[PDB]
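Worksheet: one structure, shown below.
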Amino acid sequence: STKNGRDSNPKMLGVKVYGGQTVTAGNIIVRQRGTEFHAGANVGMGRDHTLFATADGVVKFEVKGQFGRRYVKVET
Amino acid sequence: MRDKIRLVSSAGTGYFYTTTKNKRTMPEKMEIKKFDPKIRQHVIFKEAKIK
RNA sequence: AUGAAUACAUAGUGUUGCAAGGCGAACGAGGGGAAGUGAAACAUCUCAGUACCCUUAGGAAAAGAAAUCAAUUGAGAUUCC
RNA sequence: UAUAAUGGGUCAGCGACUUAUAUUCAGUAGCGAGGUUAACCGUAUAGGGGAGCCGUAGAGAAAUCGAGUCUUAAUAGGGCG
RNA sequence: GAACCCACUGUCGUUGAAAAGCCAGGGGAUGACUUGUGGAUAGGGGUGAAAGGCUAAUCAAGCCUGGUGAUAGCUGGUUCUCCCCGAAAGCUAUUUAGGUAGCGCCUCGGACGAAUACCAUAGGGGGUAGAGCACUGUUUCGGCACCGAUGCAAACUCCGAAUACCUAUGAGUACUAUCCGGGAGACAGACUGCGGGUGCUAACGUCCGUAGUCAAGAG
RNA sequence: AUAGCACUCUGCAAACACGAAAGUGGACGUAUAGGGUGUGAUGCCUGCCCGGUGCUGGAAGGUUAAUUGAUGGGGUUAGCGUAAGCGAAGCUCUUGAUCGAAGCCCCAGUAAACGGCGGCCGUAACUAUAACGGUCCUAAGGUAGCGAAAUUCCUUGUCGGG
RNA sequence: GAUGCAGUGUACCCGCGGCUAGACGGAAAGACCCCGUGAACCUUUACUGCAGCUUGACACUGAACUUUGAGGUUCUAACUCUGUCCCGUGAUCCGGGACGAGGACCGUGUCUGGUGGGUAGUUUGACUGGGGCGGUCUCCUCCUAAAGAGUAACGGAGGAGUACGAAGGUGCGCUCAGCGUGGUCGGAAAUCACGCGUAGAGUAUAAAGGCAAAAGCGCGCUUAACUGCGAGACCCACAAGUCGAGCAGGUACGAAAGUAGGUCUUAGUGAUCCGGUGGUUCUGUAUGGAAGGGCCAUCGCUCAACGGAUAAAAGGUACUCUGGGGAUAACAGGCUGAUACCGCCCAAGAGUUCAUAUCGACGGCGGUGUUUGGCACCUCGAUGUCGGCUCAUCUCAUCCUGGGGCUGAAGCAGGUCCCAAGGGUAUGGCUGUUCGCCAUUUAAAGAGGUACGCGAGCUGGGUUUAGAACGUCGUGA
RNA sequence: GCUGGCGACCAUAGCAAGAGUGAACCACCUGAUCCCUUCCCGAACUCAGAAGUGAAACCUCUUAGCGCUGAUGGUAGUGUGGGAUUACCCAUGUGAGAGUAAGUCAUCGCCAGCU
């Protein structure tokens with residue numbers, strides 16, 4: 001009899017809206033366990049590190065700053 | 001583990017909150033300031049039996 | 001009419017007269033009364049007061065003239081649709 | 001499945017999606033903001049019988065309101081319309 | 001040891017002469033013996049020197065008639081003709097696993113038309129193939145844990161494609177996409193190629209992903 | 001199955017069995033009798049354990065039923081209050097004190113009642129063994145007799161006979 | 001596992017007597033095995049009732065004297081007699097009468113506690129490379145998983161069924177770990193001081209994704225671990241689950257811009273029904289109340305078989321039965337060849353010297369389809385056998401006989417390899433044996449395939465029905 | 001041309017080494033009276049000021065030492081069609097990682113002082 005045989009239910013993480021798409025305020029952009037992406041302009045961060053839009057516009061990804069963090073912002 | 005307790009409004013409205021507490025570390029009855037929607041003010045709430 | 005224990009009686013015994021018993025469709029009234037089944041198992045529950053057993057009428061039976069309902073103070077005995 | 005998996009020795013005759021009620025949808029006919037009677041009466045498929053049913057208004061657990069209504073301290077917001 | 005009552009062995013018989021026998025041997029044969037006639041015990045009951053034996057060729061609950069057309073997620077069967085479309089053997093849950101229910105897939109009616117798809121161009125995230133040793137482990141040889149050479153990794157990564165996926169614009173081609181309703185069937189799959197787990201880089205083996213064919217398709 | 005043996009129940013309107021009851025068998029019998037249970041002529045015999053379950057006999061402590069209904073808490077309204085409200089009696093809902101048997105808990109006996117009958121290490125002048133000891137745990141750790149057996153896996157054990 | 005398909009060989013048409021190798025021959029919807037939320041009967045310290053037995057209260061049920069509500073003594077009149085006598089009456093039933101012995105006991109009705117396999121109805125999960133035994137059943141993390149999501153196995157590895165009134169909020173403030181130098185006890189490593197290089201520390205807890213405006217670490221004040229909501233999204237069969245700007249009220253910390261709707265995040269959980277508690281400008285069976293119900297908040301689950309069939313449930317069947325399955329096991333066939341058997345390559349060494357006369361270590365490559373297995377494709381509306389008997393047929397990896405090469409071949413013998421399938425190739429003791437051991441033979445007593453050849457050709461000793469016993473297991477069947 | 005503040009950008013821009021700067025600015029600097037401060041300490045934070053020094057620090061310049069950037073070509077992988085099954089070959093499209101040549105001691109913006 002094996003001592004293995006367990007696993008957890010899937011969580012369905014990942015990028016939900018890609019660069020160049022238009023969003024409405026409140027749209028979820030990234031589901032992530034940790035801050036793989038950071039919130040830029042017009043983007044808010046939830047209690048579970050979810051990134052969402054706070055304004056209408058076009059999503060844009062970039063690499064910026066002195067640490068080389070990945071940012072996602074919304075351009076109005 | 002941790003026992004369930006009610007915090008009852010001192011204003012006499014009958015409003016209450018529910019929480020848990022460790023008896024061994026907190027033997028005394030708990031008092032804390034909370035909002036009472038019945039009178040729309042902050043008042044002191046006191047521990048009582050959850051029953 | 002006769003006639004014990006037992007005195008009076010009563011019980012018991014006999015004669016005469018009258019009546020009853022049995023059978024047969026369904027329907028009626030009453031006395032008893034299952035399980036298969038369903039619940040996707042099963043015990044509460046259901047099946048169902050059904051099947052069946054028993055007693056007993058009539059052309060029908062049962063019920064019936066409010067110690068009943070109703071709720072503007074009104075209706076007005078049973079039975080069936 | 002040629003299968004060495006099932007069934008049929010052969011012929012003739014019989015042999016299996018029904019009936020009642022309710023409900024929903026589609027066709028078709030009448031009438032149409034209206035439609036329609038049931039039991040029952042009726043020498044009776046007629047003609048009577050409007051009790052009742054469906055539609056015509058929603059919201060709310062409900063009291064209640066009503067093109068609004070519920071929630072709320074709120075004419076804010078939101079849900080059903 | 002005959003009659004009578006039994007049934008230990010063997011051949012035969014087994015669509016028999018016989019639904020338990022014949023033949024040759026065998027046991028008891030004044031006893032707890034055998035037997036006629038007539039009675040008693042009735043079904044969760046009877047009777048049993050006890051084998052669950054016997055109770056009318058029937059017994060772990062007799063037979064007959066009723067409840068009764070018991071129930072059966074199981075097996076079988078289901079009858080004339082032509083035309084159009086055409087599946088699935090998956091996910092989720094289930095005292096569920098060969099049943100069923102919601103969704104996925106089929107069909108018919110209505111509404112609505114370019115909102116759809118193929119391809120091109122443009123924008124976007126990645127951590128696989130490969131590779132590497134910068135971390136985590138592991139490996140060999142030197143020099144003094146470190147330094148120099150040298151390998152390995154599904155649960156290592158300093159790196160990192162092709163494809164696939166999402167969005168916008170556009171030509172051409174095509175009855176496309178979507179919404180609201182009536183009716184389903186199906187939830188046992190198989191092989192082959194490619195990427196893998198398991199198995200011995202076994203199996204016409206087993207479990208996933210992906211495409212084709214069969215299933216339901218003849219030449 | 002049996003004669004023989006043993007245990008146990010039964011004082012007679014017997015125990016026990018059939019039956020719903022009436023009643024019937026037991027038995028027109030009476031403990032030298034009748035029922036139940038086990039063993040199975042006869043010979044020699046029948047060891048230890050009452051912790052468990054059962055049976056028998058005690059004990060009156062703890063626990064417990066129906067019944068009983070002391071207390072406490074509500075509902076209602078005469079009345080009293082400007083009011084908020086208070087509020088007897090009478091009905092009524094509920095709470096439940098006290099009393100209350102057997103059984104059970106407890107204590108003894110009982111195995112021809114159902115049942116049970118163990119382990120780990122040492123030790124005598126050659127060797128070996130262990131008369132003999134060290135202990136742990138039970139209610140108690142197999143007496144007589146028998147033993148590769150209708151019982152023995154290893155196993156066709158080993159030795160003798162044929 | 002083919003009379004019927006392919007290729008090919010053979011074969012004029014039809015009887016009769018024989019025979020049983022095949023027609024997976026006929027016979028009985030397999031009895032073994034599994035399945036169905038099938039059946040029956042049996043058992044018990046399974047569940048739940050009932051009969052029977054037993055306890056107490058009330059009723060039938062009365063009287064008079066004593067003692068500390070209860071106990072004792074006496075009585076007769078209820079009631080008992082399967083005791084005697086009389087009568088009905090020609091009668092061991094029954095009824096009435098007279099006695100005698102008992103007697104408010106016994107016994108019966110209603111209620112009530114106990115006991116209760118005597119009897120009755122039922123239950124006793126699923127997954128599963130057959131079933132059983134073992135393991136597992138819900139949630140979180142990583143890999144498998146093929147660079148979006150998702151993705152299975154009784155695949156490979158670990159965690160959870162909590163904790164915290166601060167370990168929450170806010171304002172202000174601060175950086176770890178390691179190594180080296182010196183410094184009392186004091187050092188491998190306690191604390192102090194200065195450097196060096198460097199995220200290797202930490203984050204309540206497993207792992208992963210994260211963490212400088214540190215999400216890590218301190219101090220003061222505090223309760224936003226608030227109430228009403230909520231545009232818009234993620235995920236999704238449903239039921240559920242997740243993120244959320246912003247508006248209003250009341251707060252806390254800041255000088256302020258501001259931050260705060262618990263904790264870096266992802267596990268720490270349970271639907272509905274039925275009940276308890278607080279509140280309530282809802283309802284209230286004539287009316288006013290009330291009881292009860294509704295609404296808001298909240299409490300009672302290892303219902304862990306974790307979408308939870310009941311409030312409540314274990315076993316046996318060889319005495320058995322039905323509906324099904326070759327969807328699924330035991331025999332034989334099939335695929336495979338780990339295992340098995342046979343062969344070959346390299347060659348340390350052994351062989352007095354001498355790898356290869358004969359052996360041959362450590363390693364490597366194949367063949368066959370006699371073993372043990374793996375799979376579950378055929379057969380469960382039946383393919384019905386362990387051994388022996390009778391009768392066979394084929395292969396060659398040859399046991400004897402025949403022909404050869406080499407030799408550590410003097411001869412006689414022997415060893416090893418090659419060719420060769422024509423024929424031949426024991427009887428007995430023991431045991432059911434196949435096998436095996438033993439005795440005595442023979443030139444030799446070969447190894448295998450043929451449904452482990454052959455039971456519509458024979459047997460039936462073994463195995464595997466129903467009877468009985470022993471050892472052992474079980475309370476018991 | 002020097003100095004200060006705030007940004008863009010985040011190594012071709014960084015580290016390391018060497019050398020320079022005092023008019024103004026900045027930095028050390030004085031001590032601690034009142035503000036304020038240390039789980040001790042005027043070390044930091046804070047106040048009130050210029051007796052000294054550019055020593056340290058910060059800035060500026062030089063160096064390819066460490067580091068970083070990095071072609072071309074080839075190789076690996078891979079979508080589609082075909083041919084094979086130790087995982088290759090062909091046609092077509094695509095194309096790394098490592099390494100080699102080589103490059104680098106950044107480049108811009110706003111405001112204010114001093115010449």
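Every heavy atom of this structure was used, including side-chain atoms; hydrogens, water molecules and symmetry mates were not. Here is how names work: the chains are called A, B, and so on, in the same order as the sequence lines, proteins then strands, and each is numbered from 1.
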| field | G165(G), syn or anti by chi within 90 degrees of zero | value | syn
| For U393(G), the Watson-Crick or wobble partner whose two distances fall under 3.5 Å | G449(G)
| request: First locate atom OG1 of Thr20(B), then atom CE of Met1(B), and finally report the distance between them rounded to the nearest 0.5 Å. | output: 11.0 Å
| Using Watson-Crick (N1 to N3, and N6-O4 or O6-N4) or G-U wobble (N1-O2, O6-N3) distances under 3.5 Å, do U56(C) and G28(C) pair? | yes
| said: Could you tell me the Watson-Crick or G-U partner of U143(F), where both distances fall under 3.5 Å? Say none if there is no partner. | reply: none
| query | Which part of the nucleic acid, if any, lies within contact of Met1(B), taking any heavy atom under 4.0 Å across all strands shown: a base, the sugar-phosphate backbone alone, or nothing? | reply | sugar-phosphate
| message | Just to be sure I understand the rule, does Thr25(B) reach a base, reach only the sugar-phosphate, or reach nothing, if contact means heavy atoms closer than 4.0 Å? | response | sugar-phosphate
| task | Classify the glycosidic conformation of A309(G) as syn or anti, calling it syn when the angle lies within 90° of 0. | result | syn
| Below 4.0 angstrom from OP1 or OP2 of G241(G), is there any side-chain N or O of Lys11(A)? | no
| task | Could you tell me whether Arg2(B) contacts a base, only the sugar-phosphate backbone, or nothing, with contacts defined as non-hydrogen atoms closer than 4.0 Å? | result | base
| Please give, in whole Å, the distance from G262(G) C1' to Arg47(A) CZ? | 9 Å
| field | Watson-Crick or G-U wobble pair, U56(F) with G115(F), both distances under 3.5 Å | value | no
| message | For a 4.5 angstrom cut-off between non-hydrogen side-chain atoms, does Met45(A) reach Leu51(A)? | response | yes
| field | Phosphate OP1/OP2 of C235(G): any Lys16(A) side-chain N/O under 4.0 Å | value | yes
| message | Just N and O in the side chain of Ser8(A): are any of them under 4.0 Å from OP1 or OP2 of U141(G)? | response | yes
| For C105(E), what is the paired nucleotide under Watson-Crick or G-U wobble rules, both distances under 3.5 Å? | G185(E)
| task | Starting at NE2 of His49(A), measure out to CG of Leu13(A) and round the result to the nearest 0.5 Å. | result | 11.5 Å
| field | Atom pair distance, as rounded to whole Å: CG in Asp7(A) and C1' in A207(G) | value | 12 Å
| remark: Tightest non-hydrogen contact, residues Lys11(A) and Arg33(A), listed as CG-NH2, 3.7 Å
| query | At under 4.0 Å between heavy atoms, what does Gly26(A) touch on the DNA or RNA strands: base, sugar-phosphate, or nothing? | reply | base
| query | Between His42(B) (NE2) and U227(G) (P), how many Å, whole number? | reply | 10 Å
| query | Base, sugar-phosphate alone, or nothing: which one does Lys33(B) contact when heavy atoms must sit under 4.0 Å apart? | reply | sugar-phosphate
| message | Regarding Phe52(A), tell me which of base, sugar-phosphate or nothing describes its non-hydrogen contacts under 4.0 Å with the strands shown. | response | sugar-phosphate
| field | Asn27(A) side-chain N/O to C234(G) phosphate OP1/OP2 under 4.0 Å | value | no
| task | Tell me, please, if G262(G) and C341(G) meet the Watson-Crick or G-U wobble pairing rule with both distances under 3.5 Å? | result | no
| request: Would you mind pulling out the nucleotide paired to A149(E), Watson-Crick or G-U wobble, both distances under 3.5 Å? | output: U140(E)
| task | Only one of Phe52(A), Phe61(A), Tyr71(A) passes ring-ring contact (aromatic ring centres under 6.0 Å, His included) with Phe37(A); say which it is. | result | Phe61(A)
| request: Would you indicate what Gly65(A) reaches in the nucleic acid, counting non-hydrogen atoms under 4.0 angstrom: base, sugar-phosphate, or nothing? | output: base
| query | What is the glycosidic conformation of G244(G): syn, defined as within 90° of 0, or anti? | reply | anti
| request: Compare side-chain N and O positions of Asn22(B) against OP1 and OP2 of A163(G) and report whether any pair is under 4.0 Å apart. | output: no
| For atom CZ of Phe35(B) and atom P of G169(G), their distance in whole Å | 22 Å
| query | Do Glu31(B) side-chain atoms and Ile44(B) backbone N/O form a donor-acceptor pair below 3.5 Å? | reply | no
| request: Give one of base, sugar-phosphate or nothing for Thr35(A), where a contact means two heavy atoms less than 4.0 Å apart. | output: base
| query | Does a nitrogen or oxygen in the side chain of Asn4(A) sit under 4.0 Å from OP1 or OP2 of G155(G)? | reply | no
| Under 3.5 Å, is there a donor-acceptor pair between the side chain of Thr54(A) and the main chain of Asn42(A)? | yes
| Glycosidic class, syn or anti, of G474(G) using a 90° window around 0 | anti
| said: For the nucleotides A252(G) and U356(G), report whether a Watson-Crick or G-U wobble pair is present, with both relevant distances below 3.5 Å. | reply: no
| Would you say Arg69(A) reaches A212(G)'s phosphate, i.e. side-chain N/O to OP1/OP2 under 4.0 Å? | yes
| OP1 or OP2 of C164(G) less than 4.0 angstrom from a side-chain nitrogen or oxygen of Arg24(B), does that happen here? | no
| field | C152(E) and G137(E) as Watson-Crick or wobble pair, distances under 3.5 Å | value | yes
| Rounded distance in Å - CD1 (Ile44(B)) to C1' (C226(G)) | 16 Å
| query | Does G81(H) have a Watson-Crick or wobble partner in any strand here, with both distances under 3.5 angstrom, and which is it? | reply | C90(H)
| query | Rounded to the nearest Å, what distance is computed from the CD1 atom of residue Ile32(B) to the P atom of nucleotide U251(G)? | reply | 17 Å
| task | Evaluate the side chain to side chain contact (heavy atoms under 4.5 Å, CB included) criterion for residues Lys29(B) and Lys46(B): first the C-alpha distance (whole Å), next the side-chain angles of each, then the deciding distance (0.1 Å), finally the verdict. | result | CA-CA 7 Å; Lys29(B) 271 153 149 7; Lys46(B) 281 190 244 293; over 6 Å; no
| request: Would you indicate what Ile28(A) reaches in the nucleic acid, counting non-hydrogen atoms under 4.0 angstrom: base, sugar-phosphate, or nothing? | output: base
| query | Major vs minor groove: which does the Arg6(A) side chain come within under 5.0 Å of? | reply | major
| Nearest-angstrom distance from the residue atom CD of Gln41(B) to P of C226(G) | 20 Å
| request: State whether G85(F) pairs with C80(F), counting either Watson-Crick geometry (purine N1 to pyrimidine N3 plus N6-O4 or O6-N4) or a G-U wobble (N1-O2 and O6-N3), each distance below 3.5 Å. | output: yes
| said: With a cut-off of less than 4.0 Å, is there a side-chain N or O of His49(A) near OP1 or OP2 of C243(G)? | reply: no
| Is a side-chain N or O of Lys38(B) found less than 3.5 angstrom from the main chain of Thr13(B), in a donor-acceptor match? | yes
| query | Mind checking whether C238(G) and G135(G) form a Watson-Crick or G-U wobble pair, both distances under 3.5 Å? | reply | no
| query | NA contact type, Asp48(A), heavy-atom cut-off 4.0 Å: base, sugar-phosphate, or nothing? | reply | sugar-phosphate
| remark: Regarding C23(C), purine or pyrimidine glycosidic angle vs 90° from 0 gives anti
| Output field: Watson-Crick/G-U pair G220(G) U191(G), thresh under 3.5 Å | no
| said: Using a 4.0 Å heavy-atom cut-off, does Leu13(A) contact any base of the nucleic acid, only the sugar-phosphate backbone, or nothing at all? | reply: sugar-phosphate
| message | Once you apply a heavy-atom cut-off of 4.0 Å, does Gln66(A) come out as touching a base, just sugar-phosphate, or nothing? | response | base
| field | Pairing between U266(G) and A207(G), Watson-Crick or G-U, 3.5 angstrom cut-off on both | value | yes
| query | In whole Å, what is the span from the NZ atom of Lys3(A) to the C1' atom of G156(G)? | reply | 12 Å
| Distance below 4.0 Å between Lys21(B) side-chain N/O and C164(G) OP1 or OP2 | no
| said: For a quick check of understanding: with a heavy-atom distance under 4.0 Å over all strands, which category does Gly14(B) fall into, base, sugar-phosphate or nothing? | reply: sugar-phosphate
